[PDB]
Amino acid sequence: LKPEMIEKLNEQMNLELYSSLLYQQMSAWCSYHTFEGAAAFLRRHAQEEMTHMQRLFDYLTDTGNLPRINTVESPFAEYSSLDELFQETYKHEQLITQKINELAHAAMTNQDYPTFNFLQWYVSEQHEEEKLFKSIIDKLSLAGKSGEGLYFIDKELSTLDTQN
Amino acid sequence: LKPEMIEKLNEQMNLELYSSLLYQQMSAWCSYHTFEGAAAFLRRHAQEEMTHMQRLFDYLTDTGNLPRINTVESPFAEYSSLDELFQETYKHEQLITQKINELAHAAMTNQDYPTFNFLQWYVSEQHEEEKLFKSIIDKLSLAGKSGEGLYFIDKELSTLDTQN
Amino acid sequence: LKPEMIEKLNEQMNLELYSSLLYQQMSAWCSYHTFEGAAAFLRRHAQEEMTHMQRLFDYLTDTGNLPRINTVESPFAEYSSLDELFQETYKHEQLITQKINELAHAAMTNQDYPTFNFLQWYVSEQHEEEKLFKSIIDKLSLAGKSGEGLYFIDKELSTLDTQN
Amino acid sequence: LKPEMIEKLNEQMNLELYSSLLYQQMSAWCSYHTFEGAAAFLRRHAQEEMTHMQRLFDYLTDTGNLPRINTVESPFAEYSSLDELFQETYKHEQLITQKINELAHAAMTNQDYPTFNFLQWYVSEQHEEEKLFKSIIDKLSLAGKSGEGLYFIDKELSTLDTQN
Amino acid sequence: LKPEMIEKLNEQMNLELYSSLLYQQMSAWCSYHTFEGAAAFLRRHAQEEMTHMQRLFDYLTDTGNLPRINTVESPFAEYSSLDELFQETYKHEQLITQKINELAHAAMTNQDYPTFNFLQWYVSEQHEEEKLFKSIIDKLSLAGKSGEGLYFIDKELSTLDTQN
Amino acid sequence: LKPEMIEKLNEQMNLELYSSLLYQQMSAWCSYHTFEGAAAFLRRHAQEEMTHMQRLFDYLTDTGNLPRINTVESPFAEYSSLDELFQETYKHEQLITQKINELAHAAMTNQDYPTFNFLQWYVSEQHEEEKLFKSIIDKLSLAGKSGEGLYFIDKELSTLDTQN
Amino acid sequence: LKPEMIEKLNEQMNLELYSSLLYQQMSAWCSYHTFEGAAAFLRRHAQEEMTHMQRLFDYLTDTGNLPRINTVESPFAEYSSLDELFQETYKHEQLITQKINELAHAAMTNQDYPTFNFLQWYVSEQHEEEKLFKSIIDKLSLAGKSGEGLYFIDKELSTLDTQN
Ligand SMILES: [Cl-]
Ligand SMILES: [Cl-]
Ligand SMILES: [Cl-]
Ligand SMILES: [Cl-]
Ligand SMILES: [Cl-]
Ligand SMILES: [Cl-]
Ligand SMILES: [Cl-]
Ligand SMILES: [Cl-]
Ligand SMILES: [Cl-]
Ligand SMILES: [Cl-]
Ligand SMILES: [Cl-]
Ligand SMILES: [Cl-]
Ligand SMILES: [Cl-]
Ligand SMILES: [Cl-]
Ligand SMILES: [Cl-]
Ligand SMILES: [Cl-]
Ligand SMILES: [Cl-]
Ligand SMILES: [Cl-]
Ligand SMILES: [Cl-]
Ligand SMILES: [Cl-]
Ligand SMILES: [Cl-]
Ligand SMILES: [Cl-]
Ligand SMILES: [Cl-]
Ligand SMILES: [Cl-]
Ligand SMILES: [Cl-]
Ligand SMILES: [Cl-]
Ligand SMILES: [Cl-]
Ligand SMILES: [Cl-]
Ligand SMILES: [Fe+3]
Ligand SMILES: [Fe+3]
Ligand SMILES: [Fe+3]
Ligand SMILES: [Fe+3]
Ligand SMILES: [Fe+3]
Ligand SMILES: [Fe+3]
Ligand SMILES: [Fe+3]
Ligand SMILES: [Fe+3]
Ligand SMILES: [Fe+3]
Ligand SMILES: [Fe+3]
Ligand SMILES: [Fe+3]
Ligand SMILES: [Fe+3]
Ligand SMILES: [Fe+3]
Ligand SMILES: [Hg+2]
Ligand SMILES: [Hg+2]
Ligand SMILES: [Mg+2]
């Protein structure tokens, strides 16, 4: 693997880790403001993100490289409401999406067909990630013009994305 | 909850999160240096620490507080030996243990009995942690002053501590 | 299909056939030199390469072309060590990998998307091949600077990579 | 999604629908001319083509677009024979293949990796499609030079690809 | 079969095909305006219409006729609201119901009892269809004077006329 | 029931009896001329026409009338070929169809709704009968213009069921 | 083992390998000329031949020798038709048969009773091989004086020699 691709893969690993912690932290905000269902959702999703993290971790070790976990910025933020929080989440998943595309671009330009192939899993998962987080914005924009409706989506989020 | 206990509980949460990443990182070093068994052991243990972390996360939120994930220092380190790695593992667990003892002590002197009770789970865990990582160092100082001993410890670690 | 892709696909088919025989031959050397475990591993792998070969055979026939089995060079070789043997195994797989990358590249620049798609199966396989044969070299450079280490790698290889 | 891509994808959705209706229509001609087995095979394939259409439709909607089903030209046609009819199915699947490769190319050169990834399902499918239709024509050339020949291929057609 | 009957049956087959495509199109409006339950309902019902279409297709073939898929008018349309959309679906099923009655009447009138008998399936189907779509119109007018209500109807639509 | 209706229904039971006997006699011809598969089919179908007869028998007894089996004309006929035989089974089922239409019409015209309803079963059945016997004539014309094609049609006929 | 017998065994191993590749190549010719059933047969038989190859490979290793895979001649040939191809196959199996007899002869003349015993498996399998390939010539000479019959044996070959 070229040093370029090793580092870009390594950096996405780190971004995948940050995303785990961000959703964890966001679940805390949810709990502190009584949205137990949102909190359960983010907590489950934080674990998914760790899984994404580990898949890159393993590609790196499998190709004879040493994964490097860098300084991880605090994910703490103030959120004005549950709507803004999920705005931030979809916005963040779009950043992940861009970064995966930059990674596939670099793979293609360097003729690193193994890494381009590896990254297809992330290209398609990121498609499912945007679908999921936008539907949450969309359910909120629908039911959430009232205090009685915020309680209802919270109940949905409680079991969203577990029906396996 | 007294604000000193909140801060401390929050410190320990972050230390457990850090430990998670430490062992994950160390798992990386192991694989890069050919010890796939130590690697699978440490990956399994990284996941455990994440549970230790979340149990503190949950206690803070249950008590009406907002846990704060802080910056994580990079666990990256270029170890000279499997031996130098597990020496630092044990060192690190003794530190965790110390910090749990300090938190228990503080609970006692603030007459925070709910927190002292809560922490007994960690005091108990840490005794098992220190046993586990001491038994690994022990296994190294016996079998492996050789590549054909380090080979066999690694064999053992591949399945070490796997529930039944 | 463009006649350059036909020729190349046909080259790769023949290279996979050759690889089959190479590992079979190497299996012979192992048994003659007392390593029955490496031998059973390599026999199992020879069979795999035959499947890699036939998947290319099938693609050529599916696309209206007639695959041509060419002369196979003798894989015979008098290796100095189990180590010299698996070094050449890894070397050989890196070459296979290179040739698959060259075929993917050619598919791209000829805008042969059906073939690029077809080859993703090989790009993916080769990542697993390189991992497998690198992990074997690794296992040798650790345990076995001795007959009582070469004994144990051979034990492992006897069942190495056996599906569940 | 870039506007060029939206429109190409939409046009291909529309081509899949037409394809469904073309094969539905072709099953009628077959039933009317005694080829109840060819009729049945085409019935099944019409159905498959509708699932190819739905998949595009959902990709457009998943990406926040609004697919638009345009006016569909009557697929009605006369055919001089069963051989001729299957010649037109094969020509028509090649047109679909060509169109899918144009989409794949457009995605590549616009660095739309999510759509490139999405379209791989089709590249893959269309290879199986040409294989299937090629072998129906190959079967017609071999056995079906006679009146009873047409009877045996029809009998084969009735259970070919097993989707009833 | 009398020619009046063939043409009317074939017109009806085409109307069912159009109805399929209309509901599929309607499912996009729904998806693009956030009503994923409505959309999934319509999507499942587009499939049902395709089977209504095939059943007429087969009756024409079984009676020695050649059915003909004509040019299909684009189903695209603007809808000011979810209430406007389900209004139009209901008007449309009433139109189908009407056309089926004209067919039934034409069959009595031509003393075509075999066609009259075949149409009974559709007569009773359209009764179930008017029931279903009415029950939607109705469940709209009740729950959803507000955007809070629209949420639950959509949630209902997602499983309506489904399982077990 | 009205007097004209009783005798029409009694006429039709007799026609169904005759049909049972006709097909019995046809399978006899089939055996004598070596088409044992055709014979098995026609034998099974004879058994079906008896059930048709018994069902009109039972409708007559159940409405308080006394069904009368009339003299049956001998169905004996010395057919020039299996083609001529199956042509006449098909003319015959058309006559039965026609007579069921005349009975359905009569029942409408005399407001005898209970008999009209009863007959619906025959109307749908005759549709299934014309399909099935056409489907045989159609096979005969596709793969029976010789000595080697009869062999497979006969083979086919031997397990061709009449139900669904 | 005497060097004579080691080499003759080794050479038969090589002939058994060539035969694997010859049948593989022949299956390609079959597929390219539409005989999918013949192709499936040869492909299955190619695998058998590899098994024969491996049985000699193992006798050699089991007797303390190193199997040697020699240059393998390309098996590519032009065949005028499916009859000539199977003429070549039976002709080739007769060569294998002769070579096995020469081998048993040499074993007997050298008083190598272990090798003579080992070779009995090949003597009897070669009897079954000639039976099988001659029956194919014989089925061809029977059904294959027409284009309609070549299609029929192909269908047989599809499952010939799998009924286990
Ligand atoms: Cl690095
Ligand atoms: Cl982007
Ligand atoms: Cl950027
Ligand atoms: Cl950038
Ligand atoms: Cl890909
Ligand atoms: Cl894939
Ligand atoms: Cl302490
Ligand atoms: Cl444990
Ligand atoms: Cl490379
Ligand atoms: Cl494997
Ligand atoms: Cl078109
Ligand atoms: Cl249009
Ligand atoms: Cl056309
Ligand atoms: Cl026409
Ligand atoms: Cl024709
Ligand atoms: Cl093309
Ligand atoms: Cl409209
Ligand atoms: Cl329904
Ligand atoms: Cl009488
Ligand atoms: Cl008469
Ligand atoms: Cl009539
Ligand atoms: Cl009246
Ligand atoms: Cl030798
Ligand atoms: Cl001989
Ligand atoms: Cl000789
Ligand atoms: Cl000789
Ligand atoms: Cl013997
Ligand atoms: Cl024996
Ligand atoms: Fe992720
Ligand atoms: Fe994500
Ligand atoms: Fe811990
Ligand atoms: Fe610990
Ligand atoms: Fe390979
Ligand atoms: Fe390989
Ligand atoms: Fe298609
Ligand atoms: Fe309908
Ligand atoms: Fe409807
Ligand atoms: Fe009857
Ligand atoms: Fe009948
Ligand atoms: Fe053999
Ligand atoms: Fe053989
Ligand atoms: Hg892919
Ligand atoms: Hg014997
Ligand atoms: Mg034409």
Side-chain angles (χ1 to χ4, degrees), chain C residues 1-2 5 9 55 58-65 107 111-121, chain D residues 8-9 11-27 29-30 35 37-59 72 75 77 79 82-105 107 115-141 153 156-164, chain G residues 31-32 34 36:
Chain C
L1 248 55
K2 294 193 182 184
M5 288 300 326
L9 283 173
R55 169 189 290 269
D58 294 351
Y59 182 77
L60 283 167
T61 60
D62 291 347
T63 55
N65 302 283
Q111 294 166 231
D112 185 358
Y113 299 94
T115 301
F116 184 85
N117 173 284
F118 162 72
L119 293 171
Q120 293 318 110
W121 191 93
Chain D
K8 266 162 196 182
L9 285 168
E11 210 43 55
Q12 190 58 31
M13 202 223 82
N14 279 273
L15 173 66
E16 298 284 339
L17 168 54
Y18 173 83
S19 294
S20 199
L21 297 180
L22 178 57
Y23 301 160
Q24 194 76 61
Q25 188 58 245
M26 289 173 165
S27 78
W29 184 102
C30 284
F35 314 108
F41 171 73
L42 289 167
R43 225 131 66 213
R44 292 184 306 260
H45 224 268
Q47 237 268 74
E48 281 181 40
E49 222 64 58
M50 203 66 80
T51 78
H52 299 183
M53 180 265 234
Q54 279 145 16
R55 178 175 204 111
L56 279 150
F57 202 92
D58 305 344
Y59 182 71
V72 193
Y79 303 106
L82 192 70
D83 217 282
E84 174 163 46
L85 179 156
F86 277 113
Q87 247 80 297
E88 301 270 289
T89 49
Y90 182 67
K91 254 61 237 135
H92 176 81
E93 286 285 329
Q94 291 176 326
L95 166 69
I96 294 168
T97 296
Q98 180 202 155
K99 291 291 177 186
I100 289 297
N101 296 333
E102 286 163 24
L103 266 159
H105 193 49
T115 301
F116 183 77
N117 173 291
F118 167 78
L119 290 158
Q120 292 314 298
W121 194 88
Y122 288 87
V123 171
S124 238
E125 184 61 17
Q126 283 313 114
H127 160 89
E128 290 308 317
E129 297 290 75
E130 292 182 2
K131 189 194 180 143
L132 180 65
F133 289 87
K134 180 58 182 191
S135 77
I136 290 166
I137 291 164
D138 284 337
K139 269 155 178 167
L140 283 173
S141 271
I153 302 138
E156 234 156 40
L157 288 173
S158 81
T159 45
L160 193 73
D161 222 28
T162 68
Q163 177 198 152
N164 258 338
Chain G
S31 281
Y32 188 66
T34 80
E36 246 30 72

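The chains referred to below are lettered A, B, ... by the order of the sequence lines, with proteins before strands, and numbering in each begins at 1. Values below: all heavy atoms of this structure, side chains included; hydrogens, waters and symmetry mates excluded.
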Is there a side-chain contact between [X] and [Y], using heavy atoms and a 4.5 Å cut-off?
{"X": "D/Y79", "Y": "D/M26", "result": "yes"}
{"X": "D/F86", "Y": "D/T89", "result": "yes"}
{"X": "D/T97", "Y": "D/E129", "result": "no"}
{"X": "C/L9", "Y": "C/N65", "result": "no"}
{"X": "D/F118", "Y": "D/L56", "result": "yes"}
{"X": "D/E93", "Y": "D/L132", "result": "no"}

Test item: D/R55 side-chain N/O and D/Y122 main-chain N/O as donor-acceptor pair under 3.5 Å: no
Backbone N/O of C/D58 and side chain of C/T61: donor-acceptor pair under 3.5 Å: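 Side chain of C/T61 to backbone of C/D58: a pair is present.
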Neighbour count >12 (heavy atoms, 6.0 Å) for atom OH, D/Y90: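 Yes, because the 6.0 Å sphere around OH of D/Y90 holds more than 12 heavy atoms from other groups.
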Start with the C-alpha distance between D/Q126 and D/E130, add both sets of side-chain angles, then the distance that settles side-chain hydrogen bond (donor to acceptor under 3.5 Å, both in side chains), and finish with yes or no. CA-CA 6 Å; D/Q126 283 313 114; D/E130 292 182 2; 5.6 Å; no
Closest non-hydrogen atom pair, [X] against [Y]:
{"X": "G/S31", "Y": "G/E36", "value": "OG-OE2, 2.8 Å"}
{"X": "D/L17", "Y": "D/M50", "value": "CD1-SD, 3.9 Å"}
{"X": "D/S158", "Y": "D/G37", "value": "CB-CA, 3.6 Å"}

Starting from the C-alpha separation in whole Å, work towards a yes-or-no answer on side-chain hydrogen bond (donor to acceptor under 3.5 Å, both in side chains) for D/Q163 and D/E48. CA-CA 9 Å; D/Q163 177 198 152; D/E48 281 181 40; 2.5 Å; yes
Does one side chain, of D/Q12 or D/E16, offer a donor that lies under 3.5 Å from an acceptor on the other?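 Side chains of D/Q12 and D/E16: pair found under 3.5 Å.
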Is there a donor-acceptor contact under 3.5 Å linking the side chains of D/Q87 and D/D83?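 Side chains of D/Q87 and D/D83: pair found under 3.5 Å.
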Kindly determine whether D/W29 and D/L85 satisfy side chain to side chain contact (heavy atoms under 4.5 Å, CB included), including the steps that lead there. CA-CA 9 Å; D/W29 184 102; D/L85 179 156; 3.7 Å; yes
Apply side-chain hydrogen bond (donor to acceptor under 3.5 Å, both in side chains) to D/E102 and D/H105, showing your working. CA-CA 5 Å; D/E102 286 163 24; D/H105 193 49; over 6 Å; no
How would you list, by chain and number, every residue that makes a side-chain contact (heavy atoms from CB on, under 4.5 Å) with D/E11, sequence neighbours excluded? D/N70
Please name all residues satisfying side-chain contact (heavy atoms from CB on, under 4.5 Å) with C/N117, sequence neighbours left out, ordered by chain then number.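 For C/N117 the side-chain contact (heavy atoms from CB on, under 4.5 Å) partners, ignoring immediate neighbours, are D/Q120, D/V123, D/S124.
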Of all residues at least two apart in sequence or in a different chain, which pass the side chain to side chain donor-acceptor pair (under 3.5 Å) check with D/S19?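 For D/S19 the side chain to side chain donor-acceptor pair (under 3.5 Å) partners, ignoring immediate neighbours, are D/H92.
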